[PDB]
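Visitor:
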Amino acid sequence: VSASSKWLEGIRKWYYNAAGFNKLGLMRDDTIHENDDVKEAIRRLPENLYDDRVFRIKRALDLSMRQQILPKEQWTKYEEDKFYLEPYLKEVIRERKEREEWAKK
Amino acid sequence: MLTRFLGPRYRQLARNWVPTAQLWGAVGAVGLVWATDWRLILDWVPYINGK
Amino acid sequence: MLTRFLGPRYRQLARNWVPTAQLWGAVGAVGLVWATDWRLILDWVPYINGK
Amino acid sequence: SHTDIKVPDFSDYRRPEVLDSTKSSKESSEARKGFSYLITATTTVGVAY
Amino acid sequence: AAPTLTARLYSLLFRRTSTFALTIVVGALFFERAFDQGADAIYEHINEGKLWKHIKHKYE
Amino acid sequence: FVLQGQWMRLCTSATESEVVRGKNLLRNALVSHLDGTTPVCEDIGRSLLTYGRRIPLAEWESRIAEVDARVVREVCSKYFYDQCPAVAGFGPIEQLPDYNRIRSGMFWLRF
Amino acid sequence: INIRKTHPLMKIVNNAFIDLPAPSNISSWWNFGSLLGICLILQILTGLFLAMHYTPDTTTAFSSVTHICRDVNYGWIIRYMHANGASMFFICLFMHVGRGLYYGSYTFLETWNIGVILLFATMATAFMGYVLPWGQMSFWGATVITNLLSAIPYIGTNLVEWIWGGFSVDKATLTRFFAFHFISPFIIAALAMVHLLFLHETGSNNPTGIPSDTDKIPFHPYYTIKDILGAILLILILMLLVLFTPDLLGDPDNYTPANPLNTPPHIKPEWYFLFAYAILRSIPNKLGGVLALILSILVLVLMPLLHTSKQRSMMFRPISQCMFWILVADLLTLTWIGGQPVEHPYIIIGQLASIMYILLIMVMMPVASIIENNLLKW
Amino acid sequence: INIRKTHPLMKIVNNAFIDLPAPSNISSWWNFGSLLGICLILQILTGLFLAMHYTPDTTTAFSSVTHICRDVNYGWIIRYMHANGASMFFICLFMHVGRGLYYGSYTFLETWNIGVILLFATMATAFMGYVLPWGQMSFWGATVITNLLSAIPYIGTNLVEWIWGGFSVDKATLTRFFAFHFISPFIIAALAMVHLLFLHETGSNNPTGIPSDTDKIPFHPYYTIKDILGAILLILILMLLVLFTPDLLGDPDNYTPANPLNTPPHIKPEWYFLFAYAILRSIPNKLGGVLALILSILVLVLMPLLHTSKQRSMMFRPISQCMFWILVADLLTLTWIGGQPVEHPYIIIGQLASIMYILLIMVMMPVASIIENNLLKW
Amino acid sequence: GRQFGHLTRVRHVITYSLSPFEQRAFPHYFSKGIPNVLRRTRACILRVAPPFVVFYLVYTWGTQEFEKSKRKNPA
Amino acid sequence: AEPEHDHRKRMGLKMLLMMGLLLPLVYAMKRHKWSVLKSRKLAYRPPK
Ligand code: HEM
Ligand code: HEM
Ligand code: HEM
Ligand code: HEM
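Chains as they are written, first to last, in the entry's author numbering: chain AF, 6 to 110; chain AV, 1 to 51; chain AK, 1 to 51; chain AE, 1 to 49; chain AJ, 1 to 60; chain AA, 336 to 446; chain AC, 2 to 379; chain AN, 2 to 379; chain AG, 1 to 75; chain AD, 194 to 241.
(1) So, residue 79 of chain AN versus residue 51 of chain AN, is the Cβ gap smaller than 9 Å?
(2) Verify the contact flag: residue 74 of chain AN, CB atom, against every heavy atom of ligand 4, threshold strictly below 8 Å.
(3) Decide if residue 322 of chain AC is buried, meaning its Cβ has at least 16 other Cβ atoms within 10 Å, or exposed.
(4) Excluding the 5 residues flanking residue 407 of chain AA on each side, which residues of the same chain have their C-beta closer than 6 Å to its C-beta?
(5) Is it buried or exposed, residue 226 of chain AD, if we count other Cβ atoms within 10 angstroms and call 16 or more buried?
(6) Going residue by residue through the segment 63-146 of chain AC, where are the continuous alpha helix (DSSP H) segments of at least 4 residues, counting only ones entirely within it?
(7) Report the rounded CA-to-CA distance for residue 17 of chain AV versus residue 9 of chain AV, giving the unit in angstroms.
(8) When you compare the CB of residue 12 of chain AG with every CB in chain AF, is at least one pair closer than 9 Å?
(9) Under the three-state reduction of DSSP, which class applies to residue 256 of chain AC: helix, strand or coil?
(10) Taking only beta-carbon positions, decide if residue 439 of chain AA is within less than 9 Å of chain AK.
(11) Pick helix, strand or coil for residue 223 of chain AD, following the three-state DSSP scheme.
(12) What runs of the beta strand (DSSP E), each 3 residues or longer, lie entirely inside the segment 137-224 of chain AC?
(13) When the cut-off is 9 Å and only beta carbons count, does residue 403 of chain AA lie next to chain AJ?
(14) Mind reading off the beta-carbon distance from residue 75 of chain AC to residue 65 of chain AC? Whole number of angstroms is fine, and I expect it under 8 Å.
(15) Express the C-alpha separation of residue 129 of chain AN and residue 247 of chain AN in angstroms, rounding to a whole number.
(16) Using a threshold of 8 Å, is the CB atom of residue 104 of chain AN nearer than that to any non-hydrogen atom of ligand 3?
(17) Is it buried or exposed, residue 32 of chain AE, if we count other Cβ atoms within 10 angstroms and call 16 or more buried?
(18) Within the 9 Å Cβ cut-off, does residue 43 of chain AG reach chain AF?
(19) Under 8 Å: does the beta carbon of residue 8 of chain AC sit that close to some heavy atom of ligand 1?
(20) Counting C-beta neighbours from all protein chains within 10 Å, is the total for residue 397 of chain AA 16 or more, i.e. buried, or is it exposed?
(21) Based on Cα-Cα distance, which residue from AC/193, AC/3 and AC/377 lies nearest to residue 341 of chain AA?
(22) Answer yes or no: the CB of residue 187 of chain AC versus the heavy atoms of ligand 1, is any distance below 8 Å?
(23) Is the Cβ-Cβ distance between residue 40 of chain AN and residue 332 of chain AN less than 9 Å?
(24) Taking the alpha carbon of residue 168 of chain AN as the point to measure from, which residue in AN/150, AN/184, AN/178 and AN/183 has its own alpha carbon closest?
(25) Just the chain AN side, please: which residues come within less than 8 Å of residue 180 of chain AC by C-beta, in chain order?
(26) Compare the C-alpha of residue 259 of chain AC against each of AC/59, AC/111 and AC/81 and name the closest.
(27) Does the CB of residue 26 of chain AE have a neighbour CB from chain AG at under 9 Å?
(28) Could you check how far apart the C-beta atoms of residue 119 of chain AN and residue 197 of chain AN are, in whole angstroms? I think they sit under 8 Å.
(29) Taking residue 439 of chain AA as the reference, give the member of AA/428, AA/419 and AA/424 with the closest Cα.
(30) Closer than 8 Å by beta-carbon distance: list the chain AC residues that pair up with residue 417 of chain AA, in chain order.
(31) Cβ of residue 174 of chain AC within 9 Å of Cβ of residue 147 of chain AC?
(32) Rounded to the nearest angstrom, what separates residue 290 of chain AC and residue 360 of chain AC at their Cα positions?
(33) Would you call the segment 250-268 of chain AN and the segment 300-320 of chain AN touching, i.e. three or more CB-CB distances under 8 Å?
(34) Identify which residue in AC/341, AC/351, AC/353 and AC/368 has its Cα closest to the Cα of residue 66 of chain AG.
(35) Any idea if residue 25 of chain AJ is buried or exposed, counting beta-carbon neighbours within 10 angstroms, 16 or more meaning buried?
(36) Classify residue 11 of chain AF: buried if its beta carbon has 16 or more other beta carbons within 10 angstroms, exposed otherwise.
Written as C-alpha cells, this is what we have:
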C-alpha cells in the first residue's frame, strides 16, 4: 500500500483513504467479491486466519454502522500486509484451473 | 471463454446435436407458417391455396 | 362444553381478566367515539362542542 | 485460565440519571422509560389524529 | 411528579397497555378540536380577505 | 416466550393451586434446609449474618403461613414487571434476540 | 408453541417481514423500496378511489375531468396530487436504479431482470396509464406515441392500426389503453411478490458488500422503524409538493383540452418519461431509436453480463465512482438535453450523450472496470 | 441435480402441481376446481378482452353495448357467451358446495371460511360486476338492490346514499360498481392462491375418507390428464350453451334498454343469483331477510361448527344422505319457489322452505347427525 | 434460507450489551456531528463534484450557446 | 381549480407542525431503538 500502491493500491491506500478499504484497515484479500471459487476458497481457509478475518470483518461492519473509522494511526499499516489467501486462493486458482484443466481435457 | 465449450470434445457434442438441431429448428419455422399463414410464405402453398 | 372452561379455576381466570376486560372495552368504545364523532354521542360532548 | 475478561465504560453514551454508582435506578427507570414512552405515545396519539 | 408523569403516568397511565391507549384517544379529542381551533386562528390572522365580508357585505 | 411469557403468564395467570403446591415445596425443602446438620449449621451462620435473627420455624412458617396470592399478582408486578434481569446461554447464542427483541420480549404485547 | 412460529400464513409472514433475519450493516439505500409499494398501494388506492369517481369516457374526457376536477373537491387534491405522486414513484424509480448501480448489486440476476420487467413495464404501464387523461399534451402527443405504434417493416401500418385500433388513435384507444392501465398495475403487483420471494431466497446484498451472515437483525425493530421513518419522509415529499404547489411540475398543455386539429409546438414526455424522448429523437432511424430505448435497460442487463471487477462495491473503486456520478451526469444531462426543443447545439449535444451512454456505460464504464482491475494488483 | 427438484420458483411449482403427492383414491369431485379457475381465468380473459372494447359509459350503456354487441362480432359470441360462462361458474359453484357437503369435507376450517369469503365475495362480486350491463332488468332491479343499500337503522338513508352515491342509483353507481367489478376479481385471485397454499399445507381429504398416506400419486399423469379431460368437458359445456343456443338462459328484460320510468313486472335475479331473491322476499322484515342471507353460507360455517358424526363420509351414513339430496330438494325447491312471482301457494311454500333450510340443515341435518350417531352403536 | 442456527461458524469471540433506556439520545449531538459530518461529506466532495461542475458549465454554457443563437443580425 | 388554495392551504399549516413534531419524535424513536446497537462492545479475544 505504498506510493505507487499508495496512488494505485492507493486507490486502496491513499484513495482508499478515499475509497476506504485499507484506511478502514480492511483485509486486502477480504475485498474479493464473493464467488463460488471464492466460496470454497474460504472453506479451505486457515483457522487462526479465519478468526482474524472474522474480527476484521465484523469490526468493519461496526464502524460502518458507526459511520466512523479507526484512528488514522489505527488506519492500517501500509504495505506490510500478508497476502492471506493468495497462496491459498491462488492455489485454488490452479485448482479451478485444474478441474478447469482436465475439464478442458 | 468459448474455449470452455470449445474443444474436440464439445465440438463432438455439437456434431451430435446438429441433426436434431435442424429438426427442432424446422419445428419452429413451420410453426410460424401454420400459425401465421402469413401471406408472404402463404403464396407458395399449393392446394393449401385458400382461394 | 362450556364445562371445559367452566370451573373455579377458569372462573378465577375470568376474575383476573375482568378489570382489563373493562379496559380494552373502553378502548373500543371511545375509539368509536373519536373516530365517528357520531352526532348521537357527539351532542353530549362539552367544549368538544364544535359549534 | 478462563476467567480474566472485563467490560468497557458506558459513560460517553450514558444519559445523566445513571451517572452514579451511588444510587438505584429503582427511582430512575420508571422515569426513563417514562420519557421514552411519552415520546412514543406522542407519535401514537398524534398519528391517530 | 414528572417522575410520576414518566412513572405514574407510566404507572397510573402508560403502564397498563389499554390505559396507554385510552389515554391516546383521550388526547385524540382534545388535540383534534384544539389544533382545529388554533389552526383556524392562524389562517384567521393570515388574511381577513373573505367571510369577514358579510359585515362588509352588509350581512343582510 | 416460555420464560418471560411464563413470567408474563406468571405476572397474570395466578391460580392458588400452584401457590399451595410450591408452598408445600418450600415446606419440604423447608425441612431439607432445616433438616440436615450442616445445612442447619450454615443456615444459622448466614441466618444471623444477614438477619442477626433466625426466622423461627413458625416465623418463617408465619410469613410463609401468611403467603398471599394477591401479592402474587400484584407483588409479582411490583418486582417482576417490565424489567431486564439476567439471561446467559453458553455457546452459539443466535437464538438470543436483541435487547431490542429479547428485551423487547422483556415487554408484553400479550397485552 | 409460538404462533409467530406456528401459524402457516404467518409462517410466511414472519419469514417475510417479521422473523426475517437481515444484514445488520443495512443502509439507507433501502427506504425507497417500501415507499414504492406504499406508493404503488397508494397508487392503486388513489387510482381506485380515483377510478371510483373518474370516468374515462370520450365526451367525458375533460368533461368528467372537470367533474373529476372542477367538480371534484380533493379530486383536486387526490387527483392532481397523487398524479404527481406517480412522478414521485418514478423519482425513487430512477433513484433506485442508482441504488443497484453504485451498489453494483447486479450480482442477483433474476432480481435484476425482474426489475427490468418492472422497468419497461413501469414505463409503458405509465404511458398508456398516464395518457388516460387524454389531454392536449397527451393528445397531440397521443398522435405521437400513436405514431410510435407503426415502426416495423410491413407491420406497423397494420400494427399501429391494431394498436391504434385503426386509422388513427381513437376512442378505440381510449377504451384500449384505459383498460390496459386498469390491468397492468396488478401485473406489477404479482411481479412484485415474485421478485420478493426471489429476494428472500438468496437473501440479498449489503452496502458493506461482505457476507452478511456475520451480522443480522429482523427489520423490527430496526429496518422496520427505519421504514416507518422513510415513510414519513415520503408523506413529506408527496404531501409536500402536493400540499404546497400542486401544479409546479405540470406542463400547461395538459389543462389544454385536446383539440384534434391543434398539434402545438411542444410535444414532451413527463419528468418521469423525460429522458427518453430526447433519446428517441436523437438518432435518425426507427429501430435505432427503439433498440436504443429498450437497449438502455437492456443495456443494464448487459451490464450485469458486463460485470467485471473482482470487488462488488464501487465504494472501494473511486475511479469507478467517477464513472458513476459521471454517468449520472450523462443522465440528467440527457434530461436537460431533452430540456430543449430541437436546437443547433443540442443536436451535437445529445448526439454525444448517446456515445457516453454507450461509452460511459457500455465502454467507458466497462473499460473503467478493466482499468480498476489492472490497478488493483491484488 | 434435477432442476425439477432444484429451481426455487419451480420448487414451488413441483411442490404445487407437479411433484405434488396426492391421494390416489381421488374422485371426480375434483374437476370443478380447475374449471372454476380456468373459468376465472377465461372470466378475466374474456372480461379483459371484453373490457378491451367495452365501455362502461352512461350514454354508452346500451349504446356501447351495441358497439359491444350490435357492432361487435363475436362480441356477440364472446359477450353473450362468456356472460353465460359466468353462470356456469356459478353452476360449478353451487355444485362444488355440494362437493364439500356430501363430502362433508368441512373438516378443514380455514379452507371452509376461505371459500366463504369466496362465497359472499363471488355473490356481490358478480352482482355489482354483473349489473354492469345496466340493463332494464338490471336497471329497475338496480333500483332493487339499490334499495337493498338502505337497510340499517339510522344509516341506510345516508348509507344507500353513500353506496348509491346519493339520492338514488346513478351514473355515480355506474362508475362505482363498474370499478368495483374491475377490482374484485383480482381479490378472488389472491384469495385463491391463499386458500390454495392453505390446502397444500394439510394436504386435504379423500372421497374414501381414510388417511390418504396409504395411497398417493402426482396429479401428473393421473389427476393431471383427468383434469385435461374435465376441461374438454367444460368447453363442451360453455362452448355448447354458448355455441348452440346462446340466449337460452336469458331474461328478455336485459335486452330491454334501461327505461328509468319503466319498473316492469318481473324483477328476478340470475339463475346464479336466483335462490336468494326468493329467500329475500320470503320474510317480512329487513334484517331477517339479510341475516338470513349471510346466514345461509354463515349457516354453513355453523355447519362445520355443527359437525357432529363420528364418521366423515355420509357415504356410510344413508339417512344422512337422505338429508343430503333432501336438502338439495329444499334447494332447487327454493329455486322454483323463486321461480314464481309472488303467489298465494308460494307464500306458504317458501315460508316452509325456510324452516327446512333451518331444519333440513340447522335442525334436521344436525338432528339427523345425532340420530345416525345413536344408530351407530360402534 | 438463513433464519438462524444453521447460520455460520463463530469461534472465540465475545460481546457486550446495554439496555436502551440507559443512554442519552444525542451525546455530543451537535459536537459529534462535526467534521465527522464533514468527514463523510467533505471526504467525498472531491470525488463528487467534477461532473456537476461540467453540468453548470453546460446548462449555463449551451444555455448561452443556443440562447445567443436565437439572436438576429443585420444584412 | 384551487379554491382549497385557501382550504388546502390551511391543512398545509398543520403539516408543517406534524412533521416538525413527528419527524423529531419519529427520528427519536428510531434512535430510541437503535441506540444500544450504536455503542456495542464486542470482543475479539482469540484464546492464546
Ligand atoms: C390500479 C391502480 C391504479 C388505478 C385504478 C389507476 C387509475 C387512474 C385513473 C382513472 C387516472 C385518470 C384520472 C386522473 O388523471 O386523475 C390515472 C392517472 C394516472 N395515474 Fe394511475 N392508476 C393506478 C395505478 C397507477 C400506477 C401504478 C401508476 C404509476 C406510478 C399510476 C400513474 C398515473 C399517471 C401517470 C396518471 C396520469 C397523470 C395524472 O394524474 O394526471 N397510476 N390513473
Ligand atoms: C416495482 C419497483 C420495485 C420494488 C417494489 C422493489 C422492492 C424491493 C424491496 C422491498 C427490496 C428490499 C431491499 C432494498 O430495498 O434494498 C429491494 C432490493 C433490490 N431490488 Fe428492487 N424493487 C423494485 C424495482 C427494482 C428495480 C428497478 C431493480 C433493478 C432493475 C431492482 C433490483 C433490486 C435489487 C438488486 C435489490 C437488492 C438490493 C440490495 O440488497 O442491495 N428492484 N427491492
Ligand atoms: C373461487 C372458487 C374456488 C376455487 C377456484 C377453488 C379451487 C379448488 C381447487 C383447485 C381444489 C383442488 C381439489 C379439488 O378440486 O377437489 C379445491 C378443493 C376444495 N375446495 Fe375449493 N375452490 C373454490 C370454491 C370453494 C368453495 C365454494 C368451497 C366450499 C365452501 C371450497 C372448499 C374446498 C374444499 C373443502 C376442497 C377440498 C376437496 C377435497 O379434497 O375433497 N372451495 N378447490
Ligand atoms: C376482472 C375480470 C373481469 C372483467 C374485466 C369484467 C368486466 C365486465 C364488463 C365490462 C361487463 C359488461 C359488458 C358485458 O356485459 O358484456 C361484464 C359483464 C359480466 N361479467 Fe364480468 N368482469 C370480469 C370478471 C368476471 C367475473 C369474475 C365474473 C363472475 C363469473 C363475471 C360475470 C359477469 C357478469 C355476470 C356480467 C354481466 C352479464 C352479461 O354478460 O351481460 N365477470 N364484465
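For every residue, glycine included, the Cβ atom is placed at its ideal position computed from N, Cα and C.
Guide: Based on what the coordinates show:
(1) Translated into positions along the eighth sequence, residue 79 of chain AN becomes position 78. Translated into positions along the eighth sequence, residue 51 of chain AN becomes position 50. Cβ atoms of residue 79 of chain AN and residue 51 of chain AN: closer than 9 Å.
(2) As a position in the eighth sequence, residue 74 of chain AN is number 73, starting the count at 1. Answer for residue 74 of chain AN: no, Cβ out of range of ligand 4.
(3) Against the seventh sequence, residue 322 of chain AC aligns to sequence position 321. By the Cβ neighbour-count rule, residue 322 of chain AC is buried, with 16 or more other Cβ atoms within 10 Å of its own.
(4) Your numbering for residue 407 of chain AA matches position 72 in the sixth sequence. 349, listed in sequence order.
(5) Looking up residue 226 of chain AD in the tenth sequence gives position 33. If you draw a 10 Å sphere on the C-beta of residue 226 of chain AD, you find 16 or more other C-beta atoms in it, and that means buried.
(6) Segments of the alpha helix (DSSP H) lying fully in the segment 63-146 of chain AC: 82-104 and 110-132.
(7) By 1-based counting over the second sequence, the position of residue 17 of chain AV is 17. By 1-based counting over the second sequence, the position of residue 9 of chain AV is 9. Looking at the two C-alpha atoms, the distance is approximately 13 Å.
(8) Looking up residue 12 of chain AG in the ninth sequence gives position 12. Answer yes: the Cβ-Cβ gap between residue 12 of chain AG and chain AF drops below 9 Å somewhere.
(9) Numbered from 1 along the seventh sequence, position 255 holds the residue referred to as residue 256 of chain AC. Correct three-state label for residue 256 of chain AC: coil.
(10) By one-based count along the sixth sequence, residue 439 of chain AA stands at place 104. Output row for residue 439 of chain AA: interface = no.
(11) The residue labelled residue 223 of chain AD in the question sits at position 30 within the tenth sequence. Here DSSP, grouped into helix, strand and coil, assigns residue 223 of chain AD to helix.
(12) DSSP runs (the beta strand (DSSP E)) wholly in the segment 137-224 of chain AC: 217-219.
(13) Here residue 403 of chain AA refers to the residue found at position 68 when the sixth sequence is read from its first residue. Closer than 9 Å: no.
(14) As a first step, residue 75 of chain AC must be located in the seventh sequence, where it is residue number 74. As a first step, residue 65 of chain AC must be located in the seventh sequence, where it is residue number 64. Not confirmed; about 16 Å, so no contact.
(15) For this step, residue 247 of chain AN is matched to residue 246 along the eighth sequence. For this step, residue 129 of chain AN is matched to residue 128 along the eighth sequence. Going by the C-alpha atoms only, they are around 23 Å apart.
(16) Your numbering for residue 104 of chain AN matches position 103 in the eighth sequence. Correct: residue 104 of chain AN has its Cβ closer than 8 Å to ligand 3.
(17) Numbered from its first residue, the fourth sequence carries residue 32 of chain AE at position 32. By the 10 Å Cβ count, residue 32 of chain AE comes out buried.
(18) Walking along the ninth sequence from the start, residue 43 of chain AG turns up at place 43. Output row for residue 43 of chain AG: interface = yes.
(19) Here the question's residue 8 of chain AC lines up with position 7 in the seventh sequence. Result no, Cβ not under 8 Å from ligand 1.
(20) Reading the sixth sequence from its first residue, position 62 is the one you call residue 397 of chain AA. Answer is exposed; the Cβ neighbour count stays below 16.
(21) By one-based count along the sixth sequence, residue 341 of chain AA stands at place 6. Of the listed residues, the one whose Cα sits closest to residue 341 of chain AA is AC/3.
(22) As a first step, residue 187 of chain AC is located in the seventh sequence; it is residue number 186 there, counting from the start. Within the cutoff, so yes.
(23) As a working note, residue 40 of chain AN is residue 39 in the eighth sequence. As a working note, residue 332 of chain AN is residue 331 in the eighth sequence. In this structure, residue 40 of chain AN lies away from residue 332 of chain AN, with their beta-carbon atoms at least 9 Å apart.
(24) By one-based count along the eighth sequence, residue 168 of chain AN stands at place 167. AN/150 is the residue among AN/150, AN/184, AN/178 and AN/183 whose C-alpha sits nearest the C-alpha of residue 168 of chain AN.
(25) Translated into positions along the seventh sequence, residue 180 of chain AC becomes position 179. Contact of residue 180 of chain AC with chain AN by beta-carbon distance below 8 Å involves 49, 52 and 53.
(26) Taking the seventh sequence and counting its residues from 1, one reaches residue 259 of chain AC at position 258. The residue with the shortest Cα to Cα distance from residue 259 of chain AC is AC/59.
(27) In the fourth sequence, the residue the question calls residue 26 of chain AE occupies position 26. No, residue 26 of chain AE does not count as interfacial toward chain AG.
(28) Counted from its first residue, the eighth sequence places residue 119 of chain AN at position 118. Counted from its first residue, the eighth sequence places residue 197 of chain AN at position 196. Contact annotation, residue 119 of chain AN with residue 197 of chain AN: C-beta distance approximately 12 Å; criterion of less than 8 Å not satisfied.
(29) Numbered from 1 along the sixth sequence, position 104 holds the residue referred to as residue 439 of chain AA. Of the listed residues, the one whose Cα sits closest to residue 439 of chain AA is AA/419.
(30) For the purposes of this step, residue 417 of chain AA is identified with residue 82 of the sixth sequence, where counting begins at 1. Going along chain AC, no residue has its Cβ under 8 Å from residue 417 of chain AA, so there is no contact; the nearest lies around 17 Å.
(31) On the seventh sequence, position 173 is the one that residue 174 of chain AC refers to. On the seventh sequence, position 146 is the one that residue 147 of chain AC refers to. Judged by their CB atoms, residue 174 of chain AC and residue 147 of chain AC are nearer to each other than the 9 Å cut-off.
(32) As a first step, residue 290 of chain AC must be located in the seventh sequence, where it is residue number 289. As a first step, residue 360 of chain AC must be located in the seventh sequence, where it is residue number 359. In this structure, the alpha-carbon of residue 290 of chain AC lies about 17 Å from that of residue 360 of chain AC.
(33) Short answer: they don't touch.
(34) Here the question's residue 66 of chain AG lines up with position 66 in the ninth sequence. It is AC/341 whose Cα lies nearest to the Cα of residue 66 of chain AG.
(35) By 1-based counting over the fifth sequence, the position of residue 25 of chain AJ is 25. By the 10 Å Cβ count, residue 25 of chain AJ comes out buried.
(36) Translated into positions along the first sequence, residue 11 of chain AF becomes position 6. A buried status is given to residue 11 of chain AF, since no fewer than 16 other beta-carbon atoms sit within 10 Å of its beta-carbon.
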